[PDB]
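Next up: just one chain, as structure tokens, the form deposited in one PDB entry.
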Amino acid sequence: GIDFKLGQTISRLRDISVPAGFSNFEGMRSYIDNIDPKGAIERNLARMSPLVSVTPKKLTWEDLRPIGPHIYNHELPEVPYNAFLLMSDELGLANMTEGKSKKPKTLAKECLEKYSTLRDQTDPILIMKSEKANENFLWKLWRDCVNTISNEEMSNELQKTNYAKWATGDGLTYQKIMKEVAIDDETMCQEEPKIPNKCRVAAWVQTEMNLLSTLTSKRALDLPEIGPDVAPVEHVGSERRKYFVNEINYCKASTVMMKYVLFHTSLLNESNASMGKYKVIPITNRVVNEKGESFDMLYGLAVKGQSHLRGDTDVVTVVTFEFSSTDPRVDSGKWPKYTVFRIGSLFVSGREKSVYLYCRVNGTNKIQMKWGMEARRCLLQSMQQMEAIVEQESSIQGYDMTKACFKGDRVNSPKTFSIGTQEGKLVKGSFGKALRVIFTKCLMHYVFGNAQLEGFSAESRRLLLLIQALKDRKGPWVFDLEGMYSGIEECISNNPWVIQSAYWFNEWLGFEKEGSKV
């Protein structure tokens, strides 16, 4: 047969890998083979201390308390706007086009040629400088971007490449030295970690959520066609997709998502192509309105730094200048990271409005660059929930329920959802409005996503499920509520979305408390 036999080193490793109370593996073998336990668990539990226990405790509405009370503290600073690109304050320089697709450089050149007043604006007017950002460096970089885009050549590399090394901060980098010098050196100490600042609720997140769930005349999301459908199931799927895309196509969140996706596509392509040069990258989008006209929208420019990406997490610096019409002085606490300039003004239909240029230095990496190319997965996340709801409704009544759910049938009334509140009075909204709210929520989970958001969502799932069980009169029990609350609250530090989600959770919990009396 087989005579697999152990040597000496392995035998001695086996000898010293035995639980306490045995001198050799043979002792363990004999003990396990012969000894017959007859309730060792009962004895151990009997002699186990009484202080060790789940300490179960029934959960009631009173035990549930607001999460992250410090967000209501007025001493802490208002959360700043840390998103990569402007979302609700975005300004898009629009030029109508027949539909022909051209390179981003030419598209940006034409867009800037249309707006020559901003293109030729060489004398800036600084409105606010964040803390450190040198206004001179940022303005010189912006002028370099404008000149590089407007130059007749077809190269997309900045014409200086030597001033930009310092304007972007690439030059100010520590230089590596061999380990022995560091050992001998005494001043070289390990850098302390950067603990995120603790902030309070802000009014800009709520306004952004309100604005980005609203219909707009500009539809940007376009998707590839699929093959003809002949079976009933695919016809039903096409109908539901038609309603869903009709609702979501014309919402500002869709345009923001498409802008993000296109910008990240361009950024990743440039990083893959250009390695050792400073690149100019327009923030471009294609937008089609109700009339069918197509426009190219230029939302600013970006300087992509020295893309020497070795691995994936290696950082690449991007200096973004973005057009906007919002005066940051109205809400100063929202823009402590942005060095803005007042670059011009324009008339939309005869009403003049100023145009500021928000300049900010940020960083990205291959993971973020790619995952910004998959923001349509937010669209699928939105689709799944509405599909589930419509399937439930059509399960209740035999005939398909989509039309009544959205527009209303001759036998059923349109379905509505509790959308928000005003003056403490909750308000209702159509199914399309709830769809847009869900889409905006998913888009914000994408844009404002980081470790803090993942932790907060995962740990607040417990609270949501507990509240759901409490609603169903299931009498949920929690063994240690304060530990769960602390775990949830340790993630409410700096992410604007996490703080606003905590505020919304507290508001909804209060409303549930008030309505639970019935």
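Counting begins at 1, following the sequence as shown. Note that the rigid core is defined as the largest set of C-alphas that superpose within 1.5 Å between two forms.
The following text describes the form deposited in another entry, which does not appear among the structures shown.
A.B. asks: After superposing on the rigid core, which residue among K291, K132, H74, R410 shows a C-alpha displacement of 2 Å or more between the shown form and the other one?
C.D. replies: The one that moves 2 Å or more is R410.
A.B. asks: Would you tell me if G363 moves between the shown form and the other one by 2 Å or more at its C-alpha, with the rigid core held superposed?
C.D. replies: No, the C-alpha moves less than 2 Å.
A.B. asks: Core-aligned, is the CA shift for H308 between the shown form and the other one 2 angstroms or more?
C.D. replies: Result for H308: yes, a 2 Å-plus shift.
A.B. asks: After fitting the rigid core, is the C-alpha of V390 off by 2 Å or more between the shown form and the other one?
C.D. replies: Yes, shifts by 2 Å or more.
A.B. asks: I want to verify one pair: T106 and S307. Are their C-alpha atoms nearer or more distant in the other entry compared with the form I supplied, knowing the change is 3 Å or more?
C.D. replies: Residues separate in the other entry, at least 3 Å farther apart.
A.B. asks: Since the CA distance of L309 and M87 differs by 3 Å or more in the other entry, is it closer or farther than in the form displayed?
C.D. replies: Compared with the shown chain, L309-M87 is farther in the other entry.
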